[PDB]
Every structure is written in structure tokens, then in C-alpha cells.
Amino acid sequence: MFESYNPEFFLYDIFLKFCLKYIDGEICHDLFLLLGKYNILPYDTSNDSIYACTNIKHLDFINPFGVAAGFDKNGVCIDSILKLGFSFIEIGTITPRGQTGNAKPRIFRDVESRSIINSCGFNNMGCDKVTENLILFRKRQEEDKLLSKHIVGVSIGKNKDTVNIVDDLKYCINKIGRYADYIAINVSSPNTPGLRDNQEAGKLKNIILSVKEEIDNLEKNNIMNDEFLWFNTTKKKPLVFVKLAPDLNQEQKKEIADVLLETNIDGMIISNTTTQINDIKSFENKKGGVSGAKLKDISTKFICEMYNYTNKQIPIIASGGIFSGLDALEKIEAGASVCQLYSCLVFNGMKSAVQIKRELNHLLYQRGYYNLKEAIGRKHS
């Protein structure tokens, strides 16, 4: 009963319920990152079921659960977070220059509804410093066989005062792209003014094509170099995903889907936080995007819509209110190939990955599936 390396060790839940009621949200988060920075977190290095693995094109996820963007904005404890049991992490969102973000306090919890509202505003150390942090992980990954198949994506955005979003996305590609297994284009943060306008079809199309061209030029101009270009897990060109906001009318969603089909995006992350929820009186006079259990149903329906609007041709990364194995299977049967957690880590703590992986495997048994891949999109028939 001193096996503190186990993520289900009873003391973690005790400290977490105390943090939930007494300690500011962002302070809790930085404490978590500090523990990870000094390699003090517990870990689960045990073998995941081969029957729950999954892929998005050439990305082979050893299990279906990763950590959503914004949890390690700066990529300072990638190793430790992955070793909790996750198969991947999306670091960022990063911007070309660093930013302190919007005013504090700016992260608020509501345990009753297991929901969060945040107005962070892309607080990050900037692309060049996060790149150095990612490079250090990649060098450790080379020596550590036990991280050889874990995946790291990078969410990229724009500084608050940048005029043309595309300039900032290009800068991030040219510095950090060679180290990422995939790039997530963030056009859906509710906390950078004017950012969500880039989900307009014409603007979005130009953004996607510009990003893909820059990644292609990066390879075009550098694959001949002595040092092997792709210092990442896949040893290939990063795939490109788009993260969308749930707050869109049906016409926009269809017009976006048309653009995703034409531009050949490699996947879509559905979804970001919402500004549609106001029936949480603890959040009643706060600003930003709402995460957690109150976002689950909205984003699951959104997965179903974009799965159908893209005629099942665009793989889907699920994000939004995933806490349980039942939640994960709802997302997958809705059309998702992988799931991302944030709010689950806030309210369930260290045990998040180990327990949700166990619950999913039990579900795949009880529901009669041979493997997780068989369940993808099964709601639609």
C-alpha cells in the first residue's frame, strides 16, 4: 500500500476532491504540470489490448485515448502525461510569439455538472520555446523504447493581434512541423476575438491549402538534408487536422464538410468548447468556452452530422464530455476513430486513462464487437 506509482492509488482521489473544492483551477493545473515536470507522476506501462487499437491513415494509436489540446499547452511534461496510459497528446495551442493570455482567474469548475468554463486565450511560451521542449521529448523518445509508438500532435493558432492568421500558421509549420506526427489547425477557440470567423468556407479552404502547401514545401525543400527530416514518431510528413467549434448552423457545417472533402484534410477534431450553455448558474456571469459533461451530447450530435456531411470520408477525433467507457463508445459509434480527454482529467484525476481503457474493453465484450475498428460509425446503418 505504498505502491504510489499506480494511477489508481487511493490517495490521488483524496487530494483531487480537496483540490476540486478548495483550490483555484489553473493553480491545480500548474501543480499537475510541476509533478509531471519532475517525473513524479504515477504511470501505467502495462500492455493495452491489441483489440482496442485504432488508426487514422498511417497514425497507429496503441489505444484510443489521448489528451486534448490545452492540457500541455507548452509541451513541458509530454513523457509523464503519456505514461499515465494515453496513446497520444496534442500539445498547444501554440502561437508564433508567446502570450500570457487573458486575465486571471480564467478557469472555473462546476463539479455538480462536471463542467468547466475557461477564457484562457492561447497562453503559451511561443512556438520557438515549445519547439525546443518538443525536441527534447523526441530525443528522449529515441532512447526510450517504451515511448517509441506514442504520438504527439501540435495544435497551432495565431497571436491575438495577428492580422492574417495564415502567416502565423505558416511560421509554426516551418519551425515545429518536422517534429509533429500531426498538425491541428485551431480555428475554433472562443477566446481569441475573430478566430471563429475562419470557419467560413472560403477562409477555411485557403487556410487548409496554405497549411498543406507549407508542409509540402518544408518536405520539398529539406528532405535532401543530411539530418533526417521527420524527427517524429511516424517518420513521415505530419498529417493535418482541423478542430471545429460546435457553435455553427447546419448550412455552415455542410459548407465546411464540402471544403474538407475538396482540400483532403486528414481528419477533423469534433469539437472545441461551446458558448451555447448558460443553464449553469455557477458560470452565470463568466466568459469563455464550456467543456465537460454538459458538452457531451452537443458534440456527439456534431460528430454524427459531420460524419454524414462528409460521407464518412474524413476520420474524426472526438472531443467533448468523455468520462466513461459508455461515453467513448457513443463517440466511436457516432463516427469517431479516437477520443480526446480534458475534463475527465480534471474531475477523475490520475486514474483517467487506466479506468476508461478498462471500461471500454468491457463494453466491446458486452456489445459483441470483435475490435474497436468494427464499432466506428456503427450508429449509421
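In case it trips you up, residue 1 is the first one in the sequence shown, and so on. For the two forms, the rigid core is made up of the largest set of C-alpha atoms that agree within 1.5 Å on superposition.
> Could you tell me which of the two stretches, 304 to 312 or 214 to 222, has its Cα atoms lying farther from the shown structure in 4 other deposited structures of this protein after fitting on the rigid core?
The stretch that sits farther from the shown form in 4 other deposited structures of this protein is 214 to 222.
> Relative to the presented form, and with the rigid core used for superposition, do the C-alpha atoms of 278 to 286 or of 86 to 94 deviate more in 4 other deposited structures of this protein?
It is 278 to 286 that deviates more in 4 other deposited structures of this protein.
> When the C-alpha temperature factors are averaged for each of 200 to 208 and 136 to 144, which stretch ends up with the higher value in the entry?
That would be 136 to 144.
> Mind pulling up the entry and telling me whether 336 to 344 or 44 to 52 has the higher mean Cα temperature factor?
Of 44 to 52 and 336 to 344, the stretch with the higher C-alpha B-factor average is 44 to 52.
> Which is it among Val67, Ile322, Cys28, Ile314: the one with the largest CA B-factor in the entry?
Within the set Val67, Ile322, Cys28, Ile314, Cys28 shows the top C-alpha B-factor.
> If you check the C-alpha B-factor for each of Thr263, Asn74, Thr275, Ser299 in the entry, which is highest?
Highest C-alpha B-factor among the listed residues goes to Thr275.
> Grab the CA temperature factor for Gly101 from the record and place it in the lowest, middle or highest third of its chain.
Answer is middle: the recorded C-alpha B-factor places it there.
> Ranking every modelled residue in this chain by its Cα temperature factor as given in the entry, which third contains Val111?
Answer is highest: the recorded C-alpha B-factor places it there.
> By the recorded C-alpha temperature factor, relative to the other modelled residues in its chain, which third is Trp230 in?
According to the entry, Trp230 has a C-alpha B-factor in the chain's middle third.
> Ranking every modelled residue in this chain by its Cα temperature factor as given in the entry, which third contains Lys170?
Its C-alpha B-factor belongs to the lowest third of this chain's values.
> Ranking every modelled residue in this chain by its Cα temperature factor as given in the entry, which third contains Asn249?
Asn249: CA B-factor falls in the highest third of its chain.
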